[PDB]
Amino acid sequence: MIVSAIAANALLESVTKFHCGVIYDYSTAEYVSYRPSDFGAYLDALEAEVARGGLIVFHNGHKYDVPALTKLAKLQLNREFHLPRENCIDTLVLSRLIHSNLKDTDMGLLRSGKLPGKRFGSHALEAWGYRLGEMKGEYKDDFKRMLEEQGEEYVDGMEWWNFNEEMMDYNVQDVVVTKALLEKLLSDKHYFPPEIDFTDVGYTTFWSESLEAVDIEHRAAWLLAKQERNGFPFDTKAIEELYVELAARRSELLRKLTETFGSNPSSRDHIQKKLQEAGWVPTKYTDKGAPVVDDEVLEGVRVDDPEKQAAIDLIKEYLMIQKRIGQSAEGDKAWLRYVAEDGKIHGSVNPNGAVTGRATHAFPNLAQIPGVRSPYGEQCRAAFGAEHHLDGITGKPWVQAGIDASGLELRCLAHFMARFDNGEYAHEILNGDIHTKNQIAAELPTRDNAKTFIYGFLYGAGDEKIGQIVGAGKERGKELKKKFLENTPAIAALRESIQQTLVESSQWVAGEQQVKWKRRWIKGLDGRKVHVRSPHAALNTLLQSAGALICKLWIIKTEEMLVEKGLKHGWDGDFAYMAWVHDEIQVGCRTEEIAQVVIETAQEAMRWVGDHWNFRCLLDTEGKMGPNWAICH
Amino acid sequence: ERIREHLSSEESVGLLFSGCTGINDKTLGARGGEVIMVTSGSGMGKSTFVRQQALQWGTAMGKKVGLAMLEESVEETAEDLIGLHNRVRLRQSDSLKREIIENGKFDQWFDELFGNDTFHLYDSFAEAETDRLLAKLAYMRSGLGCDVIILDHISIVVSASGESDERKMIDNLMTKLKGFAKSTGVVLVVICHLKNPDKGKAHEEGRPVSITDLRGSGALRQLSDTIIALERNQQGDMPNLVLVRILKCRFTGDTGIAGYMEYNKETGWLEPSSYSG
Amino acid sequence: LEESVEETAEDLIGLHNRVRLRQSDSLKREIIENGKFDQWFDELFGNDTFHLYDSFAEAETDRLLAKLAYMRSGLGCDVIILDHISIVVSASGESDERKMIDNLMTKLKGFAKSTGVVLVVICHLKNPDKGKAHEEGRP
Amino acid sequence: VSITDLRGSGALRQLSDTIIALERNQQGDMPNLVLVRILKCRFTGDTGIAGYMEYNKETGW
């Protein structure tokens, strides 16, 4: 196993030249520096570690280093350089896995003054250097101040323009931090046993003799990096074709909403000063004094003035128009600013910045696009589809396949409660109408009330919120929950074993529950440490971890089987991963025939995961074929 | 004809090992026909562990558990079960025994547990001859209709006395016990005891129990499908800490260390622990 | 002699379709909720080529050799498979089963050849306790 | 010694609820080391090695 980190001229989007790179080999216990005229030998040294059957350690390698050296080897040396996933390790990925929390631990490091506040909780290489005591300085700062003591000014992102011996020295500096952070991650005896040097071993022994979560996260991070490079095709004209229908409506409404109110329907310090003059008495306030002015209360605001009352719905539309504009046409997001020259949006994704499960998406958040049930969402969802590019060569309309996890949340509960009811509740899922059973069990009037109950009750809603479902308060809530526990004993006993797994005894002392903690981490499905939580609720943490870890393995096995079936991944191939959303995925497909294979494969892949972890409940998927996202869901 | 009938209605008696997950991850539990072998160092939790499952199975997932405690009267086993159900060391307290009786709290717990009419036991103690248990063990399974039969301590053979070495009695008994299990389709959990090694520190102070150190030429390593083993150093910093080790699993074949557990001196339960040596 | 005929077929069924039907509760559940048993089953055992032993309840020596002969002769089988041959259950009272297996092996060898069937039998291994044993290498 | 090695013709190994046994290597380098072994306890059924102890030869116990 060798440890490295590289230095290029810019990001992966427009990287042109390779500057330097250092390779520390543990068998020789000595570093090796590479220069612009040594890029060829650098690629050979990495291939040699692959030929021996070892491993290559990069920081942010799955997302940057490895794909950039594939791109850089194509334009500079014109060679096919491709690192296999199995022979690659990303310290950044393990850091987010092993140190998913840090929130706690970083507090003392912050109190110590050993961590910059700008580098709080960051998994960046420099952020970890201060944590381990290996930061002698940063290349960006020893460059800025040294440009002063030389003359020339500074450009926001110019320290990577040209190769200099100080970068070569700080390139080594990034490797020794990568090395020390790697060893800091290998010293956690819950993911890596106390065997031997896990550097000394080959990749075949590495993945299997390590905790399973280690392997999944590197397969997930490798897979998601491909999806970002694939990107999600974007119809610029269509979204532009939305802005006037919103902006003209915004301008026309603003005119009408200034004739009703003389001398901005967008701020809370505005309407509070205005609406409290038309006779509206705020019922619910906020923890800072100001009254609540959300969608809920506005629907119920009643004023004697007919014009003011009718103007409320015009404010309701205004805020929503601003919302769509504020998501589709604003500044520094808006999708329209993120459209790359290939007509696609490359939305980034953090493998699992959320302790339990489900990645985080940003620049732009591809997971918060308005659904087809929300206003103007039909047009918005239509703007996302594989139909925006009809094949990279053949001109063949690419069709989209959208596959989601059928009621994954409730099925995860049946598996963990199958420990107390012997597959009873799991069979009620298969029999169908689990919301009908929960309705009978909790004695609710309508099935829809049971649907919003089972999720609310499971996820820690108070007795008022439960009572407010049927139009009541905490009175009906307590009896609605107590009745459900009696009719479904397994759920109640489930919340016992959990409450007695992380607590020894609890006690209230002047405002704080003083739990005598037995463990501050629930074991997941792969064996990982899953957050710490704090109070009585925890079941929500267990279920969302199960489903997302199911989906993570699901989307990996799906792509693995599709590749195993011969289907090439990419826009120049048969399919391309475009988006992963919670329990659903959107996959571009070159032909309808291929799209059918994707749907069937996703269902078949769902069985390996369900079989692997011996899930007591049946995992299933449903696929929808069509041009865009408004059709596939 | 039988396979369609079996596979459609099959396990269906695959149960659910509680107290610690990981045992389920490597064994998926027991089948209707299999025989679970539970063992550990003398008095380290053999009786305690199996007693939790019988309770657990016979309460939450309404299964009919049959009990055959040959070293303790039926009254003592009920005492533990009653205390175990209500998370209390009902034995380990002269006050608690006196308590629940005078305020009428005994009948409360009693109806709560045995009310579903699930737990059934055998009274004998008088040596209990081999075909004076197997006949009755079948009577539960068949007459009372039990899904799981529990036989604590399998060194009390006592049958056809006059043949050198009871090394055959344990084998002959195990074969008849194993046979009975599948021909009726019952989950059979049996507890045995280990030989005293005297070749180093012995069991109660550490020492992993392999497959050879039990009886070596054992038949119980052959007839029994799954073998659960408990290890704990009661002379260490963690006497309550117990290691669970799968010694055999005909079903999965996945052996090794399952997980850990902690003996709650308050509830007498084996709550799952957090450990990785 | 150590698993139910439904389980042995279960292995055969899964093995035939290149799958781990046993280890998967989902795949068991899959093929049930659509009658897929009949599909794979008729594909496999439909040729009436497989015959097995069902009892568990103590197979005595000439209460096994009798039954093993029934296939060969009555059912017309060409291959007989005997799993685990440390299960004797016969003439208990003769110290050390080292003699029982010898008496058994000769009769098993006899029946096989005098009829011309193919007899495949599985035995186990003495635990050496003399080095690294079987599970960790050792020829 | 095995539970069978206990004295008598066989009433003390049967008619005895709790049987406490002490082991000490009164020749060699251990002697004063005493091991406590529970051979039987019908009242509990939990047998085995309890712990170790010995009050130094200076003052008995």
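Residues numbered from 1 in each chain as written, not as in the entry; some residues may be left out. Chains lettered and ligands numbered in written order. Part of a larger assembly, values for the part shown. Heavy atoms only, no water.

Per the deposition metadata, X-ray crystallography was the technique used to determine this entry, at a resolution of 4.8020 Å.

**Structural notes on the overall build of chain B**
Stated formally: Strands are runs of DSSP state E lasting at least two residues, helices are runs of H or I lasting at least four, and both sets are numbered from the N terminus onward. Only the C-alpha atoms count toward the radius of gyration. The rule for a globule is 2.2 Å times the residue count to the power 0.38. Should any heavy atoms of two residues lie within 4.5 Å, those residues are counted as being in contact. None of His or the chain ends enter the tally, which takes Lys and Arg as positive and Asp and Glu as negative. Note that the charge is assigned to NZ on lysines, CZ on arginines, CG on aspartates and CD on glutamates.
From N to C terminus, chain B includes nine helices and nine strands. Taken over C-alpha atoms, the radius of gyration comes to 19 Å for chain B, in line with the 19 Å a tight globule of 277 residues would show. Viewed in the frame of its principal axes, chain B has a C-alpha envelope of about 55 × 50 × 45 Å. Relative to all contacts within chain B whose residues are 6 or more apart in sequence, the contacts with residues 24 or more apart total 66%. Treating the 33 positive side-chain charges of chain B as one cloud and the 40 negative ones as another, the clouds have centres 6 Å apart.

**Description of the overall build of chain C**
Quick note on the threshold: Each accessible area value is a Shrake-Rupley result obtained with a 1.4 Å probe; residue values ignore everything except the protein chains displayed when judging cover.
Broken down by element type, chain C carries five helices and two strands. Overall, chain C shows an N-to-C arrangement of helices and strands of α-α-α-α-β-α-β. A compact globule built from 139 residues would reach a C-alpha radius of gyration of about 14 Å, whereas chain C, at 19 Å, exceeds it by more than 25%. Projecting the C-alpha coordinates of chain C onto the three principal axes gives extents of approximately 55 × 45 × 25 Å. Contacts in chain C between residues far apart in sequence, at least 24 positions, make up 57% of those at least 6 positions apart. Entry remark: accessible area of chain C is about 8,700 Å², with carbon and sulfur atoms responsible for 51%.

**Thoughts on the sheet that holds strand β4 (residues 148-152) of chain B**
Sheets are built from strands that pair by backbone hydrogen bonding, the pairs being arranged parallel or antiparallel. Rules: Two strands qualify as a pair provided DSSP detects at least 2 bridges between them.
Here we have nine strands laid out as an open sheet, ordered β3-β2-β4-β5-β1-β6-β7-β8-β9 (chain B), and mixed in their pairing. Sheet topology places β3 (120-121) and β9 (270-272) of chain B at the edges, where each strand pairs with a single neighbour.

**Considerations on the pairing of β4 of chain B**
Residue and element names in this part refer to chain B. Selection rule: Between buried and exposed lies partly exposed: a residue is buried under 20% and exposed over 50% of the maximum accessible area for its type, with that area taken using a 1.4 Å probe on protein chains only. When the strands point away from the viewer and the connection leading from the first strand across the helix to the second strand turns clockwise, the crossover is called right-handed.
Of all the five residues making up β4, five are buried; the element is thus mostly covered by neighbouring parts of the structure. Here β4 shows two buried faces, one formed by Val148, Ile150 and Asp152 and the other by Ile149 and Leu151. For strand β2 (residues 65-69) and β4, the ladder comprises five bridges, and the chain directions are parallel. Note on β4: the bridge partner recorded for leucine 67 is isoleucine 150. Bridge count between β4 and strand β5 (residues 187-191): four bridges; the pairing is parallel. Within β5, the position partnered with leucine 151 by the bridge is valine 190. For the handedness criterion, the β-α-β arrangement of β4, helix α8 (residues 167-184) and β5 is classed as right-handed.

**Overview of unusual backbone geometry**
Following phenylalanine 363 of chain A, the chain continues into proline 364 of chain A via a peptide bond in cis, with omega recorded as -10°. The residue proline 364 of chain A is located in the loop between β9 (360-362) and α14 (377-382) in this model. Put simply, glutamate 11 of chain B and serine 12 of chain B share a cis peptide bond, and its omega is 0°. Tracing the backbone through its elements, the reader meets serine 12 of chain B in the loop between α1 (2-8) and α2 (23-27). At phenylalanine 56 of chain C, a residue that is not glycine, the phi angle is positive and equals roughly 70°. Looking at the secondary structure, you find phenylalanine 56 of chain C in the loop between α3 (36-44) and α4 (65-75). Since its relative accessible area comes to 11%, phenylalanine 56 of chain C is described here as buried. Non-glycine residue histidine 84 of chain C carries a positive phi angle of around 60°. Note on placement: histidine 84 of chain C falls in the loop between β1 (79-82) and α5 (98-115). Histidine 84 of chain C sits in the buried class, given a relative accessible area of 2%.

**Quick look at the arrangement of the chains**
For the four pairs of chains in contact, the maximum contact count is reached by chains B and C. Nothing in chain A touches chain D; the tightest C-alpha to C-alpha distance between them is still 26 Å. Without any contact between them, chain C and chain D keep their closest C-alpha atoms 21 Å apart.

**Description of the environment of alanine 124 of chain A**
Position of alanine 124 of chain A among the secondary structure elements: in the loop between α4 (103-112) and α5 (125-132). Note: C-alpha distance between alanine 124 of chain A and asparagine 60 of chain A (64 residues apart in sequence) is 8.5 Å.

**A closer look at helix α6 (residues 106-114) of chain B**
Residue and element names in this part refer to chain B. Counted only if it meets this: Think of the arc as the fan of directions from the helix axis to the C-beta atoms.
Turning to α6, its buried residues are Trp109, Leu113 and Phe114. Projected down its long axis, α6 carries its buried residues within an arc of 100°, all on one side. Turned more than 90 degrees away from the buried face of α6 sit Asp111 and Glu112, all of them exposed. Each element contacted by the buried residues of α6 is listed here: α3 (46-59), α4 (74-85) and α5 (94-102).

**A look at the nonpolar core**
Side chains of nonpolar character tend, in soluble globular proteins, to be buried together. Spelled out, the test is: What is meant by a nonpolar core is a set of buried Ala, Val, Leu, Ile, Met, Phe, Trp, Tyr and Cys residues, joined one to another through side-chain atoms within 4.5 Å.
Counting residues in each nonpolar core, the largest one holds 72 residues, and the members touching the most others are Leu413, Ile550 and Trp554 of chain A. Per element, the largest residue contribution to this core is 12 residues, and it comes from helix α22 (residues 539-564) of chain A. Non-local contacts of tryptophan 554 of chain A, meaning those with residues more than four positions away in its chain, are made with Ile403, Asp583, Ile585, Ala602, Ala605, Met606, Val609 and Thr621 of chain A. Judged by nonpolar contacts, the second largest core, of 44 residues, contains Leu28, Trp57, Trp109 and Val244 of chain B.

**Observations concerning the sheet that holds strand β2 (residues 34-41) of chain D**
Residues and elements named next belong to chain D. Basically, it comes down to this: Orientation is described by lines fitted to C-alpha atoms, with helices fitted over the stretch in contact, and by angles between N-to-C directions that extend from 0 to 180 degrees.
Spatial ordering of the open sheet is given by β1-β2-β3, a layout of three strands whose pairing is antiparallel. Each edge of the open sheet carries a strand with a single partner, namely β1 (18-24) and β3 (48-52). The mean inter-strand angle of the sheet, taken between neighbouring strand axes irrespective of direction, is 25°.

**Some words on the environment of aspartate 25 of chain B**
One can find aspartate 25 of chain B in helix α2. Taking the C-alpha atoms as reference points, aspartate 25 of chain B and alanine 258 of chain B, separated by 233 residues in sequence, lie 7.8 Å from one another. Residues in contact with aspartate 25 of chain B, not counting those within four places in the same chain, are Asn614 of chain A together with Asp254 of chain B.

**A short note on the interface of chain B and chain D**
Threshold: The quantity reported as buried area is the accessible area (1.4 Å probe) lost by two parts once they are put together, taken as the sum for both. Note on definitions: salt bridges are taken to be side-chain nitrogens of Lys or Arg within 4 Å of carboxyl oxygens of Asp or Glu.
With 10 residues of chain B at the interface, the matching set in chain D holds 12 residues. Carbon and sulfur atoms supply 33% of the area that chain B and chain D bury against each other, a total of about 980 Å² over both sides. Considering only the side of chain B, the residues that lose the most area to chain D are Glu76, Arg91 and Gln235 of chain B, jointly responsible for 36% of the buried surface there. Inspection of the chain B/chain D interface yields zero salt bridges.

**Regarding the pairing of β1 of chain C**
All names here are of chain C. Of the two faces of β1, only the one carrying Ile80 and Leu82 is buried; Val79 and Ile81 on the other face are not. For β1 and strand β2 (residues 118-121), the ladder comprises four bridges, and the chain directions are parallel. Bridge assignment links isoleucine 81 to a residue of β2, and that residue is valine 120. Each parallel crossover has a hand, and the one from β1 via α5 to β2 is right-handed.

**Considering helix α23 (residues 592-612) of chain A**
Residues spaced three or four apart along an α-helix point in a common direction, a consequence of the helix completing one turn every 3.6 residues. To keep things clear, this is the line we draw: Helices are assigned an expected span. That span is 1.5 Å times one less than the residue count.
Across its 21 residues, α23 of chain A extends 31 Å between first and last C-alpha, which sits within 8% of the 30 Å expected from 1.5 Å per residue. When we look at burial in α23 of chain A, the residues that qualify are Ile594, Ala595, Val598, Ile599, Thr601, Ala602, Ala605, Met606, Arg607, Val609 and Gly610 of chain A. Contact partners of the buried residues in α23 of chain A: β10 (399-405), α22, β16 (584-589) and β17 (621-626) of chain A together with α2 (25-32) of chain C. Of the residues trailing α23 of chain A, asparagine 614 of chain A is marked for its positive phi of about 50°.

**So, the side chain of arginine 51 of chain B**
Residues and elements named next belong to chain B. Just so we agree on the cut-off: Whenever a nitrogen or oxygen atom comes within 3.5 Å of another N or O atom, the pair is scored as a polar contact, on the condition that within protein one atom can donate a hydrogen and the other can accept it, and that pairs from neighbouring residues in sequence are kept only if both atoms are in side chains.
By the element assignment, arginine 51 lies in helix α3. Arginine 51 sits in the buried class, given a relative accessible area of 13%. Among the polar contacts listed, one links the side chain of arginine 51 to the side chain of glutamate 72, at a separation of 2.8 Å. Contacts of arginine 51, omitting those with residues within four sequence positions, involve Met69, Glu72, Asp80, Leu81, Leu84 and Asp152.

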